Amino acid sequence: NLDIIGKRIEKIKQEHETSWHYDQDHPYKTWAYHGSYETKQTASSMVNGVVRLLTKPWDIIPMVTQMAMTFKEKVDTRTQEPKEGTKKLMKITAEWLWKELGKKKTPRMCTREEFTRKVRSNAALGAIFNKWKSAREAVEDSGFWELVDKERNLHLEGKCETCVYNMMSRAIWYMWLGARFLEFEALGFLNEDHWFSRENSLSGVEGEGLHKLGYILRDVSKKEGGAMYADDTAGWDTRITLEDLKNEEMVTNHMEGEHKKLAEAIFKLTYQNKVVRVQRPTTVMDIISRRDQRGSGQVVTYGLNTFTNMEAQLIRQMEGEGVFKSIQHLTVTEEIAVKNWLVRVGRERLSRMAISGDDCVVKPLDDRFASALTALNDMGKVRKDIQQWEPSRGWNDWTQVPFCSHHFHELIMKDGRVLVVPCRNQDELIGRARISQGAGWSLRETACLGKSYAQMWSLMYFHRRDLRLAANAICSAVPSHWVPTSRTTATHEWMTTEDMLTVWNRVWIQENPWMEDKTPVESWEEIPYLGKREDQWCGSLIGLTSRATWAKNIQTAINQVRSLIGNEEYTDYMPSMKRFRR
């Protein structure tokens, strides 16, 4: 408690000495409350006019139009201390998992230089506005780095002054850039050096890409075993226990010198003790604390989520195989059994899973996994939308399994080669492309974001008739040489001015380890679609009058957008499709 957070608390109290008040009508039960002070402020979602003008039939589909309009009772919940047997299973598994992840990797500090280049090419390192305008500016001013230095020497003493969270099934905890640097310095290696790559972690998919995920699920399906299980957790970040945060901190056991102490301080002072400021309309800024739950940068959150999910799913697999009998208490011979299971089959059991942060697919040895619920419930990883003790409903066909908001189709090319393609409800794809984030967008920037969506569709969703047509229309309506843009940056091969057929060939043929025959595709007409009925099942408008008029008259929509943008160099991409090729 207050010895570790007090300094952070004391500092904030004094910047607002003409405001501090210990409110007695504060809503917090599970968060420790400290005080309040005076503020007054709030960013909603704008429509992309380039995409909307070129998707007119969807103007009357509520699933699309409703996406552009507009539970904090979950962050104010408490997770119970796991039983002693559960805690022993987690500590043993965590120790073993960090060793396996560390066998072919070296922990190392990330640098000012690496951090500087990141901010100058835009990731989403959730920072704040205020002393400097953007992150871009703060990074060149050596004053900033003196601020960073002061804090860094404080962390080496085992104390913290400025590492405070700012709140805003989505609650996002922004920190000041300096605190984000110190997090990146100590823990950025997990992401930067690909600790959760499939090659290194066996369960992970970090850096894999939406064109690989389907092939990976199909490889899991080839394993002997039962159904494929894909149970979502109800609010994963809110169910991270102090026991989880301590098993995550054991990565420091693999570190040395300065790095080890710097990483130790992030875990001790910012993760296992937290200070947060929250808006409240009744507008006072509330200063609250708690030890548990997930609040890190979104990128470190991804890696530690993947780690703890890998651990939880190996333990659920142990329970199904009867490796331990009760969570209440692990016997001595049960520890040697768990240890020997990990040594003997640990890597094989990791290869049975695909895990992306809080999202998982598991193909266990058999269906006893379905009713192996005691450790999973006791770790606080309670399944979403099923009763606590009801057995999991698994999937018999890898093509129906949900993963990373997608399902995957097996699609045979006219030449016999096999594509495993990503897919989701087409209303969701069109509805997202029609939305832009933030304000001050020029017409050119709006057009370049439309082009980014269009190129993603050509590359990932070419097999959907409506998206290949709309992608070609958007790429025809935006000047040929204008560069696709985005304000936050799965591998993004569509972010390029290269010809999309050349990128398709590189991604689906040349670089595709599941494709033996490397014969390049010479035209878009070689590249197949889903069956017509499968396309409709996944949300296609083919066979509607609205869609037929849209397709037939597409050049008129293209010309509307070209007239708005003005006299620029445009390419006609519609003759890449059979029906427009005269």
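Note that residue numbering follows the sequence shown and begins at 1. Between two forms, the rigid core is the largest collection of C-alphas that superpose within 1.5 Å.
Relative to the shown model and aligned on the rigid core, the C-alphas in 9 other deposited structures of this protein deviate most, among 24 to 32 and 61 to 69, for 61 to 69. Comparing 501 to 509 with 436 to 444 in 9 other deposited structures of this protein, after superposition on the rigid core, the stretch with the greater RMS C-alpha deviation is 436 to 444. Figure legend: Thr79 is marked as modelled in all of the other comparable entries of the protein, none of which omit it, let alone a third. Of the other structures of this protein that model both sides of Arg170, a third or more give it no coordinates. Unmodelled stretch separating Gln80 from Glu81: none (count of deposited-sequence residues without coordinates).
Unmodelled residues of the deposited sequence between neighbouring positions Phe129 and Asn130 number 1 to 3. If you average the C-alpha B-factors over 421 to 429 and over 498 to 506, the higher value belongs to 498 to 506. When the two stretches 290 to 298 and 470 to 478 are set side by side, the higher mean Cα temperature factor goes to 290 to 298. In this structure the maximum Cα B-factor among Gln66, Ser546, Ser44, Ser540 is found at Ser44. For the set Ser356, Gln400, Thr489, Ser392, the PDB entry assigns the largest Cα B-factor to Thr489. Compared with the other modelled residues of the chain, the Cα B-factor recorded for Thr93 ranks in the middle third.
When the modelled residues of the chain are ordered by C-alpha B-factor, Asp517 sits in the middle third. When the modelled residues of the chain are ordered by C-alpha B-factor, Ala370 sits in the lowest third. Among all modelled residues in its chain, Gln14 ranks in the highest third by Cα B-factor. Among all modelled residues in its chain, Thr571 ranks in the middle third by Cα B-factor.
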